[PDB]
Amino acid sequence: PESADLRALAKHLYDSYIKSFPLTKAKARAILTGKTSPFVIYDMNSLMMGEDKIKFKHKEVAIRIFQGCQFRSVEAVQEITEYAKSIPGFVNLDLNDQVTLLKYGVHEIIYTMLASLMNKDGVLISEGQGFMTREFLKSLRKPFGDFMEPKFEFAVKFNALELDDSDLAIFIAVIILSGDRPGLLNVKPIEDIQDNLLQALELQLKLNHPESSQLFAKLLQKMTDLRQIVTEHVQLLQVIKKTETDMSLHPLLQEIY
Amino acid sequence: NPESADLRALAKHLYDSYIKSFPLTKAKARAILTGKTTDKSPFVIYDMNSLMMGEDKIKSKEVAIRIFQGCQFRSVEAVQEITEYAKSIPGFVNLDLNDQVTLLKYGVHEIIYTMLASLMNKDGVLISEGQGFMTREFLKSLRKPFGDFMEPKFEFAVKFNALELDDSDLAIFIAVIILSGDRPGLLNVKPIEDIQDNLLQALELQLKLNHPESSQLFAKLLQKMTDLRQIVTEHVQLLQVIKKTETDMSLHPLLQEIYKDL
Ligand SMILES: CCCOc1ccc(C[C@@H](Cc2ccccc2)C(=O)O)cc1CNC(=O)c1ccc([C@]23C[C@H]4C[C@H](C[C@H](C4)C2)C3)cc1
């Protein structure tokens, strides 16, 4: 009777996730392990060539790579926002609450999905057209050399769970419906939905990974890791603001971010 | 079945050790707080004058400092109780000795604040084994530095207490907190995860059996671990500010080692 509505919710979220996100984990994995070619950016020259032959839409190199990261993050926010609207009950919530949920949830989701594009050696960029190495990113100067490393460390641990797209679709939804975000006006509806998304995620993981003991608990514990990454990220972005005088963009451009 | 029977046995063991390791339980704390009795009544410290009379009731030169050192001693004592409970956790003492220290190093404060909630309500906190009760306002009324050390704990407490867990639930939960295979610097992560995995199963069954109508309590409880980390970080930072404003205030050696490189 009810275990049916959970599978329906599960399938529904998956389908919606496929529609909203261009580069899925299944695709990114094939590209990454080989069994699928991505242009590789591992040093200054390879970057120079990559952006002149492939011209990635997203003066100093460290500063330009950091900005392309923001640009892509803004692009990603729209995909997540669209995906959110497909979660049963989301659009029916108080409008301000929907905005608050998205405002605080996009960073957690961004790093969660970013892991689907990373391995211990690098990250896929431009919808898989490229692969920027971990070492090259770690070789950037000033405080740019370590803005991505924290995401890599998190990815290696998160990816060990071996979740697939269908697992992630429900996890992303649970992240969005967090009732502890500041400023919420009506927490009950939000938590009632997350509670339903959590039961669906639990069944999904038990069916999809019978051998993975307590994968559910283990995945939920990763929330701690995600928020640490986010808070740490906010603090790095601030320091870049407090200092760094070559970050200037067109006034309209800066408004966009 | 055999499996769940083993998980219930584990829960009983943990609860039994918990009663033996922690003098002041949540059950005793609630009984005092809900003042349903005439013998468990605590003396209430809500201001300076009352504080002065409390010292005569409850059987280094400033108010904030004295209260602060009183907490330092208590947490040091709490660390010793938690360390005693930890040993009862099947498999814990059998792990590499370096990892035992590491697990305790990062787990004691998360557990301390988890358990402290048992002694809190929205208005204050039990002290001196429940004999006294210090109000939230009095504590928030302290000098600029110490004035806001406890507020974050109260905010967590009222929310965590909303879960209405009891001692038997908490015993397995604090056991899970300790057996965290993702602590910084762990040598052999697998044996730790194998134990936590088994504790997580015990906690899951326990919650379902003890709170049948509390949908997804297990998950809600796990998400609370995020709040614990947060309270710990804020506190760590709050201490750095203290040792700079109060060059004359001393921190107990044990706690300094726990916060070191944390
Ligand atoms: C003020 C209530 C706060 O109650 C707290 C708060 C945090 C902590 C742990 C904290 C300690 C610390 C924080 C920062 C740095 C290192 C460690 C930690 O390390 O996590 C423990 C207690 C438990 N506290 C008690 O049970 C408790 C018992 C007796 C008193 C006295 C009250 C007055 C009368 C008498 C003498 C003085 C004044 C002290 C007894 C005060 C507190």
Side-chain angles (χ1 to χ4, degrees), chain B residues 19 21-58 60-82 108-109 111-162 167 170 231 234-235 238-239 241-256:
Chain B
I19 301 293
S21 299
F22 303 113
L24 183 55
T25 65
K26 175 166 180 172
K28 178 158 168 55
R30 289 298 125 189
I32 298 174
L33 287 176
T34 55
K36 51 174 181 51
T37 74
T38 186
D39 62 292
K40 304 184 171 57
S41 296
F43 178 78
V44 177
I45 307 173
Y46 61 88
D47 69 6
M48 216 57 75
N49 201 293
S50 187
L51 174 76
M52 110 188 275
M53 293 203 278
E55 333 205 80
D56 286 66
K57 287 294 293 62
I58 62 182
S60 54
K61 237 61 190 62
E62 189 180 309
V63 181
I65 299 295
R66 289 205 304 294
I67 294 179
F68 210 74
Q69 312 233 295
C71 303
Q72 295 201 56
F73 167 70
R74 169 54 193 159
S75 57
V76 160
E77 181 183 8
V79 161
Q80 304 185 295
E81 294 163 1
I82 290 156
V108 295
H109 281 288
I111 290 180
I112 276 172
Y113 290 122
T114 287
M115 297 188 68
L116 184 59
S118 302
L119 320 195
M120 305 177 125
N121 59 23
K122 309 169 200 297
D123 305 314
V125 60
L126 287 173
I127 63 175
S128 185
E129 298 126 282
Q131 292 175 52
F133 180 77
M134 195 171 277
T135 65
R136 181 179 188 168
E137 285 293 79
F138 178 57
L139 287 169
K140 183 163 61 182
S141 173
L142 291 172
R143 196 215 293 169
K144 296 76 263 291
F146 318 86
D148 52 41
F149 272 58
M150 291 301 289
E151 193 62 11
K153 288 81 183 189
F154 279 109
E155 290 172 302
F156 169 66
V158 302
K159 259 210 164 186
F160 189 77
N161 288 167
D167 290 301
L170 292 168
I231 278 54
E234 294 188 359
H235 186 275
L238 284 176
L239 289 190
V241 175
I242 282 191
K243 79 180 190 311
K244 291 185 175 296
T245 299
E246 323 291 341
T247 58
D248 58 311
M249 189 192 100
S250 59
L251 281 51
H252 186 300
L254 181 57
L255 304 176
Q256 211 174 303

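Throughout, protein chains are lettered first and strands after them, A, B, ... in sequence-line order, and every chain is numbered starting at 1.
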Minimum heavy-atom distance [X]-[Y], with the two atoms named:
X        : Y        : answer
B/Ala78  : B/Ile112 : CB-CG1, 4.0 Å
B/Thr37  : B/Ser41  : O-OG, 3.8 Å
B/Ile32  : B/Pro42  : CG2-CD, 3.8 Å
B/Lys40  : B/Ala31  : CD-CB, 4.4 Å
B/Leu170 : B/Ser118 : CD1-OG, 3.8 Å
B/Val79  : B/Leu255 : CG2-CD2, 4.3 Å

Verify, without hydrogens or angle tests, whether [X] (side chain) and [Y] (backbone) share a donor-acceptor contact under 3.5 angstrom.
X        : Y        : answer
B/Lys153 : B/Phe149 : yes
B/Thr245 : B/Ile242 : no
B/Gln72  : B/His252 : yes
B/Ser50  : B/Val44  : yes
B/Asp167 : B/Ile19  : no
B/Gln69  : B/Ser250 : yes

Taking the side chain as every heavy atom from C-beta outward, state whether B/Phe138 and B/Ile67 have any pair of such atoms under 4.5 Å apart. yes

Does a side-chain heavy-atom distance below 4.5 Å link B/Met150 with B/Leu142? no

Please determine whether side-chain contact (heavy atoms from CB on, under 4.5 Å) holds for the pair B/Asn121 and B/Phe133, giving the CA-CA distance in whole Å, both sets of side-chain angles, and the decisive distance to 0.1 Å. CA-CA 10 Å; B/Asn121 59 23; B/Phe133 180 77; 3.6 Å; yes

Has B/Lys122 got more than 12 heavy atoms of other residues, nucleotides or ligands less than 6.0 Å from its NZ? no

Please say whether more than 12 non-hydrogen atoms of neighbouring residues, nucleotides or ligands are located less than 6.0 Å from CZ in B/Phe43. yes

Do the rings of B/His235 and B/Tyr113 sit parallel, tilted or perpendicular, given the 30° and 60° boundaries? tilted

Atom [atom1] in [X], atom [atom2] in [Y]: separation rounded to 0.5 Å?
X        : Y        : atom1 : atom2 : answer
B/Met120 : B/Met134 : CE    : CE    : 11.5 Å
B/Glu246 : B/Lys243 : CD    : NZ    : 12.0 Å
B/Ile65  : B/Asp248 : CD1   : CG    : 6.5 Å
B/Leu139 : B/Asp148 : CG    : CG    : 11.5 Å
B/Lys26  : B/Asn161 : NZ    : CG    : 5.0 Å
B/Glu77  : B/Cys71  : CD    : SG    : 12.0 Å

side-chain contact (heavy atoms from CB on, under 4.5 Å) between B/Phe146 and B/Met249, worked out: CA-CA 12 Å; B/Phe146 318 86; B/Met249 189 192 100; 3.8 Å; yes

So does B/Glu81 pair up with B/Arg74, basic N to acidic O under 4.0 Å? yes

